[PDB]
Amino acid sequence: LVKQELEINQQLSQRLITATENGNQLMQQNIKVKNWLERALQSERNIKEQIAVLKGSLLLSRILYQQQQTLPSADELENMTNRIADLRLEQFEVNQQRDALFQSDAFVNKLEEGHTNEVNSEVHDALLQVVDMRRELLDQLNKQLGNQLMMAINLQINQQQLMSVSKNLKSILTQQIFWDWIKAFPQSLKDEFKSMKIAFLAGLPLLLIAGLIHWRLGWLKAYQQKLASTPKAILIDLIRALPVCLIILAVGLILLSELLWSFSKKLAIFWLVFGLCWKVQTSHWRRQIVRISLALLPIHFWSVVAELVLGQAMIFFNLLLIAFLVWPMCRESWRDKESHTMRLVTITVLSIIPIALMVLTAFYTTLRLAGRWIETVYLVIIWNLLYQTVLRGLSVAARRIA
Amino acid sequence: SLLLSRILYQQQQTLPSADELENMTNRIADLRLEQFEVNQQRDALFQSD
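I will try to describe carefully the structure that is included in this document. (Residues numbered from 1 in each chain as written, not as in the entry; some residues may be left out. Chains lettered and ligands numbered in written order. Part of a larger assembly, values for the part shown. Heavy atoms only, no water. Residues with missing side-chain atoms left out of burial classes, pairs and counts.)

Brief notes about the overall build of chain A
Step number 1: When helices and strands are tallied, chain A shows 13 helices and zero strands.
Step number 2: Reading chain A from its N terminus to its C terminus gives the helix and strand order α-α-α-α-α-α-α-α-α-α-α-α-α.
Step number 3: For the C-alpha atoms alone, the extent of chain A along its principal axes is close to 120 × 65 × 45 Å. (Helix = DSSP H or I, 4+ residues; strand = E, 2+ residues; numbered from the N terminus.)

In structure tokens:
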């Protein structure tokens, strides 16, 4: 009888010791986090004051880079809110146990029931003393746990505030950053090189979807050929391109790695644009679109991490290549004067962007406009295709009405 | 909180049974009538002589 009480008391003491050690570690971590958060708040206020008066300062970019490098990483925060609920439940359980053991005499009388053959005058006193000691230890552990829970709640509030502050600091750095060299780059090349050094279920369903979609697309192509011999053929080609794009996007998502997710998000539209030519001279265009797709892919790779000087080395040549490719089209367009040149304006804007990106990058945020330029080009192409389809449909409807 | 179901079960088990209440309001009326009768008897016996 007394052995069980002694074992329970020992278990309670061990639990209290472990909880106290965890509370001390958490308090130390919370104090370190609070110190870092105060430092960050002071630094953010200082940076805001400076940017209020440090307008148009190239070296201020270096200062902002240093400040960002000084910012601590908030990703190491442990969302122990579940542990906080566990502590609250443990405290409630301890309170319930203490309330059950509040009446030491009643508890001893209840425990002595059906055990009078092993209970004596000394046994009752020993049981009462053990119950009192267990109650005292439970009260001490409950107080320690409540103090630890308060400290953890304060730490969680401080950690949330510090994460918000770091996010706001990143936002402010971006807002401030919003608005010879090659010889130095030879040495920086080595530095850059040194700097370099459910999913299975989704993948299998994607494989089965593609396996079925092979025959589905065969049947769809047969149906499209039967219907055409065209707006119907164009719609069928668009639908066929859409299923392949969806399958590729699902495969990429299963394969995704933060940069990979945004890369696939852009690659959805990129592959849609690429397959628009595959599903729709046209034969000459079907072979010449490979260069455009490859150029978009390097641009996608160089601009994926933007929205979230080595990287511009490929872009410097890509801009010149795009300008050279547009030059033959402009020369062909320049041969016609009375003909409409509505699409030349978009081509001229795209070429100006390729020239500006490679010219003004020698303040350095000129590469940001490329993301909008690519989207504008894609929108213009989609608008032209939709206009052609609408013209064909209107002609068909007018012929039918006549 | 799934375990909160166990806590609620314990709390309900701790609740005492109110069905054992004795609605002695009739006994209260009987006591009031007895007190009125005693007052009447005392008033009748107020003048000892």
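Structure's up, so let's keep going.
Observations concerning the overall build of chain B
Step number 1: What chain B contains, in helices and strands, is two helices and zero strands.
Step number 2: Each principal axis of the C-alpha atoms in chain B carries an extent, and together these give about 80 × 15 × 10 Å.

Remarks on the packing of helix α7 (residues 199–228) of chain A against helix α8 (residues 231–255) of chain A
Residue and element names in this part refer to chain A.
Step number 1: Two elements in contact, α7 and α8, have axes separated by 10 Å at closest approach and are oriented at 170 degrees. Considered as vectors, α7 and α8 are oriented roughly antiparallel to each other. Across the interface between the two elements, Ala199, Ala202, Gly203, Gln224 and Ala228 of α7 pack against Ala233, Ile236 and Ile254 of α8.
Step number 2: In the contact of α7 with α8, the residues fall into six nonpolar, two polar and no charged. (Axes fitted to C-alpha atoms, helices over the stretch in contact; angles between N-to-C directions. Parallel < 35°, antiparallel > 145°, perpendicular 65-115°, else oblique. Contact = heavy atoms within 4.5 Å. Nonpolar A, V, L, I, M, F, W, Y, C, P; charged D, E, K, R; others polar.)

Quick word on the packing of helix α1 (residues 2–51) of chain A against helix α5 (residues 121–178) of chain A
Residue and element names in this part refer to chain A.
Step number 1: Running from amino to carboxyl end, α1 crosses α5 at an angle of 20 degrees, the nearest separation of the two axes being 9 Å. By the criterion of interaxial angle, the relationship of α1 to α5 is roughly parallel. Relative to α5, the crossing made by α1 is left-handed. Listed contacts from α5 to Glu5, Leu16, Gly23, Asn30 and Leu37 of α1 are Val130, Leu141, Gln148, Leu155 and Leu162.
Step number 2: Partitioned by chemical class, the residues of the contact of α1 with α5 number six nonpolar, three polar and one charged. (Left-handed = near helix turned anticlockwise from the far one by under 90°.)

These results come straight from atomic positions and should not be treated as a statement about function.
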